[PDB]
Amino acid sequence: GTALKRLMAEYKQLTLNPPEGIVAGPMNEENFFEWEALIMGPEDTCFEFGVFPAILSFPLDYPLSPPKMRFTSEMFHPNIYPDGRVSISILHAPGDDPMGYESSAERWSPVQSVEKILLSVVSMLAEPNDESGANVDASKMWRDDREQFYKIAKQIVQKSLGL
């Protein structure tokens, strides 16, 4: 199908020309609709050098609809739900939650790509913003007690490395 052909093509490109600090691909090539991504927090940001695994689950009509994405280890970020689900503009078409994200942020369409999703997630990790309320406690503590948020961010980084 076109979804499988498209996911196979994106995987080929990602393996040929990998983006910095990210490894991603199907957990097993007999099911290209379930990928695992490993993302490192960029230097000089809140979660710098942390290593964060996530699962991308693609819909049957990909690339017309975006995947769902979920971190599978602990996170504490205003835009990541407590169960790990990622809440960013690029993972939604212009029609769903049309105002729940920044007007400047790109929406899903077939010209987007897995590479563009993961780069957007990296930016989100670097630049937490408390105006998507996916994690209420994280958004409030980002707004009201950022020192405590920073302390937790550093613990999360250290645990993600086992140190």
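Each residue number is its position in the shown sequence, starting from 1.
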Greater mean Cα temperature factor according to the PDB record, 128 to 136 or 114 to 122: 128 to 136
Highest mean C-alpha temperature factor of the two stretches 152 to 160 and 1 to 9, which is it? 1 to 9
Position of residue 106 among the chain's modelled residues by C-alpha B-factor, lowest, middle or highest third: highest
Is residue 99 in the lowest, middle or highest third of its chain when residues are ranked by C-alpha B-factor? highest
Residue 75: CA temperature factor from the record, placed by chain third, in the lowest
Ordered by C-alpha B-factor within the chain, which third holds residue 44? Give me lowest, middle or highest, please. highest
Where does residue 69 sit by CA temperature factor within its chain: lowest, middle or highest third? lowest
